[PDB]
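Coordinates from input.pdb are shown below (PDB, C-alpha atoms).
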```pdb
ATOM      1  CA  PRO C 448     -23.362 -22.967  46.614
ATOM      2  CA  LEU C 449     -20.655 -23.568  44.011
ATOM      3  CA  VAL C 450     -19.767 -20.600  41.848
ATOM      4  CA  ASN C 451     -16.795 -21.580  39.637
ATOM      5  CA  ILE C 452     -15.778 -17.979  38.988
ATOM      6  CA  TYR C 453     -12.303 -18.043  37.346
ATOM      7  CA  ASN C 454     -12.473 -14.277  36.928
ATOM      8  CA  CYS C 455      -9.617 -11.815  36.742
ATOM      9  CA  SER C 456     -10.518  -9.142  39.317
ATOM     10  CA  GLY C 457     -12.472  -8.006  42.372
ATOM     11  CA  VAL C 458     -15.384 -10.147  43.525
ATOM     12  CA  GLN C 459     -17.318 -11.171  46.640
ATOM     13  CA  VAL C 460     -20.029 -13.665  47.586
ATOM     14  CA  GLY C 461     -21.835 -10.818  49.309
ATOM     15  CA  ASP C 462     -21.600  -9.490  52.848
ATOM     16  CA  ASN C 463     -20.449  -6.454  54.828
ATOM     17  CA  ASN C 464     -17.775  -3.995  53.652
ATOM     18  CA  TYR C 465     -18.418  -3.939  49.901
ATOM     19  CA  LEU C 466     -15.182  -4.145  47.924
ATOM     20  CA  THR C 467     -13.353  -1.581  45.807
ATOM     21  CA  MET C 468     -10.573  -1.577  43.224
ATOM     22  CA  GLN C 469      -8.822   0.781  40.817
TER      23      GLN C 469
ATOM     24  CA  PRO L 448     -20.891 -22.821  51.574
ATOM     25  CA  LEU L 449     -18.649 -24.108  48.785
ATOM     26  CA  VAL L 450     -17.673 -21.574  46.158
ATOM     27  CA  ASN L 451     -15.169 -23.228  43.774
ATOM     28  CA  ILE L 452     -13.785 -19.913  42.539
ATOM     29  CA  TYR L 453     -10.594 -20.673  40.536
ATOM     30  CA  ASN L 454     -10.325 -16.998  39.642
ATOM     31  CA  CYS L 455      -7.223 -15.016  38.805
ATOM     32  CA  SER L 456      -7.423 -11.959  41.085
ATOM     33  CA  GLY L 457      -8.795 -10.203  44.163
ATOM     34  CA  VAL L 458     -11.787 -11.815  45.809
ATOM     35  CA  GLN L 459     -13.517 -11.631  49.186
ATOM     36  CA  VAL L 460     -16.164 -13.900  50.726
ATOM     37  CA  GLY L 461     -17.456 -10.793  52.432
ATOM     38  CA  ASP L 462     -16.588  -9.111  55.711
ATOM     39  CA  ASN L 463     -14.802  -6.064  57.124
ATOM     40  CA  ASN L 464     -12.008  -4.175  55.334
ATOM     41  CA  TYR L 465     -13.124  -4.463  51.706
ATOM     42  CA  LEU L 466     -10.228  -5.368  49.422
ATOM     43  CA  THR L 467      -8.376  -3.362  46.787
ATOM     44  CA  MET L 468      -5.981  -4.063  43.928
ATOM     45  CA  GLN L 469      -4.268  -2.282  41.045
TER      46      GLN L 469
ATOM     47  CA  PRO H 448     -17.196 -22.937  55.348
ATOM     48  CA  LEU H 449     -15.417 -24.724  52.502
ATOM     49  CA  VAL H 450     -14.537 -22.586  49.512
ATOM     50  CA  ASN H 451     -12.482 -24.718  47.080
ATOM     51  CA  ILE H 452     -10.969 -21.704  45.334
ATOM     52  CA  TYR H 453      -8.111 -22.981  43.103
ATOM     53  CA  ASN H 454      -7.632 -19.463  41.769
ATOM     54  CA  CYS H 455      -4.489 -17.897  40.386
ATOM     55  CA  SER H 456      -4.154 -14.614  42.309
ATOM     56  CA  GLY H 457      -5.000 -12.420  45.294
ATOM     57  CA  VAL H 458      -7.886 -13.466  47.520
ATOM     58  CA  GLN H 459      -9.129 -13.290  51.113
ATOM     59  CA  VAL H 460     -11.946 -14.783  53.187
ATOM     60  CA  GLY H 461     -12.654 -11.286  54.451
ATOM     61  CA  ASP H 462     -11.267  -9.365  57.405
ATOM     62  CA  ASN H 463      -9.070  -6.380  58.261
ATOM     63  CA  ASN H 464      -6.351  -4.974  55.979
ATOM     64  CA  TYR H 465      -7.904  -5.526  52.548
ATOM     65  CA  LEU H 466      -5.385  -6.946  50.086
ATOM     66  CA  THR H 467      -3.685  -5.419  47.057
ATOM     67  CA  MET H 468      -1.710  -6.647  44.059
ATOM     68  CA  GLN H 469      -0.197  -5.355  40.824
TER      69      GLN H 469
END
```

Structure re-expressed in structure tokens:
Amino acid sequence: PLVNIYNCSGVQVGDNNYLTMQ
Amino acid sequence: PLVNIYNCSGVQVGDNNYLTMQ
Amino acid sequence: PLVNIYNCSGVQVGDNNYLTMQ
């Protein structure tokens, strides 16, 4: 359920097409 | 379900066309 | 379903044309 991330870059709950960045 | 992210950058629940940033 | 993000930058549920930023 709740995550409360407040990050500062790439993230994903988790599913198809895994993210990237640079 | 609920996520409650409050992040400060790129983020995907998770699906096709995985995100990018710079 | 519900996400309740309240972030402060780029984000996407997840689909085609993965986002960018700078």

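Residues matched by the PyMOL selection byres ((chain C and resi 468) around 12) in this structure: residues 456, 457, 458, 465, 466, 467 and 469 of chain C; 456, 457, 458, 465, 466, 467, 468 and 469 of chain L; 465, 466, 467, 468 and 469 of chain H.
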
Q: Could you list the residues chosen by the PyMOL selection byres ((chain L and resi 461) around 7) in this structure as number ranges by chain?
A: C: 459-464; L: 459-460, 462; H: 460-461

Using the chain letters and residue numbers of this document, give as a PDB file with C-alpha atoms, in the frame of the given file the residues selected by the PyMOL selection byres ((chain H and resi 453) around 7).
```
ATOM      1  CA  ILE L 452     -13.785 -19.913  42.539  1.00  0.00           C
ATOM      2  CA  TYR L 453     -10.594 -20.673  40.536  1.00  0.00           C
TER       3      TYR L 453
ATOM      4  CA  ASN H 451     -12.482 -24.718  47.080  1.00  0.00           C
ATOM      5  CA  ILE H 452     -10.969 -21.704  45.334  1.00  0.00           C
ATOM      6  CA  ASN H 454      -7.632 -19.463  41.769  1.00  0.00           C
ATOM      7  CA  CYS H 455      -4.489 -17.897  40.386  1.00  0.00           C
TER       8      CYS H 455
END
```

Box in all listed atoms of stretch 456-460 of chain C, axis-aligned, with 3 Å more on each side; write out centre and edge lengths in Å to one decimal as JSON.
```
{"center_x": -15.3, "center_y": -10.8, "center_z": 43.5, "size_x": 15.5, "size_y": 11.7, "size_z": 14.3}
```

(Q) Show me the residues close to (-17.0, -20.8, 50.0) - anything with an atom within 6 Å, counting all atoms listed in the file - and format the list as a list in words. (A) residues 448, 449 and 450 of chain L; 448, 449 and 450 of chain H

Would you mind completing chain L so that it carries N, CA, C and O atoms, and writing it out as a PDB file, keeping the file's coordinate frame?
```pdb
ATOM      1  N   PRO L 448     -21.904 -21.773  51.437  1.00  0.00           N
ATOM      2  CA  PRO L 448     -20.891 -22.821  51.574  1.00  0.00           C
ATOM      3  C   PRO L 448     -19.859 -22.801  50.455  1.00  0.00           C
ATOM      4  O   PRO L 448     -19.258 -21.760  50.195  1.00  0.00           O
ATOM      5  N   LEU L 449     -19.671 -23.955  49.813  1.00  0.00           N
ATOM      6  CA  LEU L 449     -18.649 -24.108  48.785  1.00  0.00           C
ATOM      7  C   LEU L 449     -18.777 -23.022  47.731  1.00  0.00           C
ATOM      8  O   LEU L 449     -19.868 -22.521  47.455  1.00  0.00           O
ATOM      9  N   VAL L 450     -17.645 -22.639  47.148  1.00  0.00           N
ATOM     10  CA  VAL L 450     -17.673 -21.574  46.158  1.00  0.00           C
ATOM     11  C   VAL L 450     -17.043 -22.050  44.852  1.00  0.00           C
ATOM     12  O   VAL L 450     -17.633 -21.892  43.780  1.00  0.00           O
ATOM     13  N   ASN L 451     -15.881 -22.696  44.935  1.00  0.00           N
ATOM     14  CA  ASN L 451     -15.169 -23.228  43.774  1.00  0.00           C
ATOM     15  C   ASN L 451     -14.803 -22.116  42.778  1.00  0.00           C
ATOM     16  O   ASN L 451     -15.134 -22.169  41.605  1.00  0.00           O
ATOM     17  N   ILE L 452     -14.014 -21.163  43.262  1.00  0.00           N
ATOM     18  CA  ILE L 452     -13.785 -19.913  42.539  1.00  0.00           C
ATOM     19  C   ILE L 452     -12.884 -20.082  41.323  1.00  0.00           C
ATOM     20  O   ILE L 452     -13.283 -19.763  40.203  1.00  0.00           O
ATOM     21  N   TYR L 453     -11.669 -20.571  41.538  1.00  0.00           N
ATOM     22  CA  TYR L 453     -10.594 -20.673  40.536  1.00  0.00           C
ATOM     23  C   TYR L 453     -10.438 -19.428  39.671  1.00  0.00           C
ATOM     24  O   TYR L 453     -10.178 -19.501  38.472  1.00  0.00           O
ATOM     25  N   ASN L 454     -10.456 -18.274  40.330  1.00  0.00           N
ATOM     26  CA  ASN L 454     -10.325 -16.998  39.642  1.00  0.00           C
ATOM     27  C   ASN L 454      -8.871 -16.717  39.305  1.00  0.00           C
ATOM     28  O   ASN L 454      -8.016 -17.604  39.303  1.00  0.00           O
ATOM     29  N   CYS L 455      -8.594 -15.459  38.974  1.00  0.00           N
ATOM     30  CA  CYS L 455      -7.223 -15.016  38.805  1.00  0.00           C
ATOM     31  C   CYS L 455      -6.985 -13.620  39.379  1.00  0.00           C
ATOM     32  O   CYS L 455      -6.080 -12.919  38.918  1.00  0.00           O
ATOM     33  N   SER L 456      -7.770 -13.186  40.369  1.00  0.00           N
ATOM     34  CA  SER L 456      -7.423 -11.959  41.085  1.00  0.00           C
ATOM     35  C   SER L 456      -8.315 -11.770  42.303  1.00  0.00           C
ATOM     36  O   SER L 456      -9.098 -12.649  42.678  1.00  0.00           O
ATOM     37  N   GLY L 457      -8.187 -10.586  42.906  1.00  0.00           N
ATOM     38  CA  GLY L 457      -8.795 -10.203  44.163  1.00  0.00           C
ATOM     39  C   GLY L 457     -10.196 -10.717  44.358  1.00  0.00           C
ATOM     40  O   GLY L 457     -10.995 -10.711  43.426  1.00  0.00           O
ATOM     41  N   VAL L 458     -10.490 -11.218  45.546  1.00  0.00           N
ATOM     42  CA  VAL L 458     -11.787 -11.815  45.809  1.00  0.00           C
ATOM     43  C   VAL L 458     -12.039 -11.954  47.294  1.00  0.00           C
ATOM     44  O   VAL L 458     -11.167 -12.394  48.040  1.00  0.00           O
ATOM     45  N   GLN L 459     -13.202 -11.513  47.768  1.00  0.00           N
ATOM     46  CA  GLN L 459     -13.517 -11.631  49.186  1.00  0.00           C
ATOM     47  C   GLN L 459     -14.864 -12.312  49.409  1.00  0.00           C
ATOM     48  O   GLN L 459     -15.825 -12.039  48.688  1.00  0.00           O
ATOM     49  N   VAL L 460     -14.922 -13.213  50.390  1.00  0.00           N
ATOM     50  CA  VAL L 460     -16.164 -13.900  50.726  1.00  0.00           C
ATOM     51  C   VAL L 460     -17.131 -12.788  51.090  1.00  0.00           C
ATOM     52  O   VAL L 460     -18.223 -12.680  50.534  1.00  0.00           O
ATOM     53  N   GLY L 461     -16.703 -11.961  52.035  1.00  0.00           N
ATOM     54  CA  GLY L 461     -17.456 -10.793  52.432  1.00  0.00           C
ATOM     55  C   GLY L 461     -17.446 -10.542  53.914  1.00  0.00           C
ATOM     56  O   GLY L 461     -18.030 -11.304  54.688  1.00  0.00           O
ATOM     57  N   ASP L 462     -16.789  -9.465  54.309  1.00  0.00           N
ATOM     58  CA  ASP L 462     -16.588  -9.111  55.711  1.00  0.00           C
ATOM     59  C   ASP L 462     -15.953  -7.726  55.734  1.00  0.00           C
ATOM     60  O   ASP L 462     -15.892  -7.036  54.714  1.00  0.00           O
ATOM     61  N   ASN L 463     -15.473  -7.337  56.914  1.00  0.00           N
ATOM     62  CA  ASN L 463     -14.802  -6.064  57.124  1.00  0.00           C
ATOM     63  C   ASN L 463     -13.563  -5.881  56.257  1.00  0.00           C
ATOM     64  O   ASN L 463     -12.961  -6.851  55.786  1.00  0.00           O
ATOM     65  N   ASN L 464     -13.179  -4.620  56.077  1.00  0.00           N
ATOM     66  CA  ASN L 464     -12.008  -4.175  55.334  1.00  0.00           C
ATOM     67  C   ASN L 464     -12.012  -4.714  53.914  1.00  0.00           C
ATOM     68  O   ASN L 464     -11.247  -5.620  53.568  1.00  0.00           O
ATOM     69  N   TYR L 465     -12.951  -4.196  53.127  1.00  0.00           N
ATOM     70  CA  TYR L 465     -13.124  -4.463  51.706  1.00  0.00           C
ATOM     71  C   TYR L 465     -11.866  -4.276  50.865  1.00  0.00           C
ATOM     72  O   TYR L 465     -11.218  -3.228  50.936  1.00  0.00           O
ATOM     73  N   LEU L 466     -11.551  -5.259  50.022  1.00  0.00           N
ATOM     74  CA  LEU L 466     -10.228  -5.368  49.422  1.00  0.00           C
ATOM     75  C   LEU L 466      -9.999  -4.271  48.389  1.00  0.00           C
ATOM     76  O   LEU L 466     -10.898  -3.509  48.036  1.00  0.00           O
ATOM     77  N   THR L 467      -8.753  -4.187  47.925  1.00  0.00           N
ATOM     78  CA  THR L 467      -8.376  -3.362  46.787  1.00  0.00           C
ATOM     79  C   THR L 467      -7.440  -4.151  45.888  1.00  0.00           C
ATOM     80  O   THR L 467      -7.171  -5.330  46.115  1.00  0.00           O
ATOM     81  N   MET L 468      -6.948  -3.487  44.855  1.00  0.00           N
ATOM     82  CA  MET L 468      -5.981  -4.063  43.928  1.00  0.00           C
ATOM     83  C   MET L 468      -5.471  -2.919  43.061  1.00  0.00           C
ATOM     84  O   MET L 468      -5.778  -1.748  43.316  1.00  0.00           O
ATOM     85  N   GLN L 469      -4.674  -3.247  42.051  1.00  0.00           N
ATOM     86  CA  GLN L 469      -4.268  -2.282  41.045  1.00  0.00           C
ATOM     87  C   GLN L 469      -3.817  -2.991  39.772  1.00  0.00           C
ATOM     88  O   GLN L 469      -2.800  -3.685  39.764  1.00  0.00           O
TER      89      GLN L 469
END
```
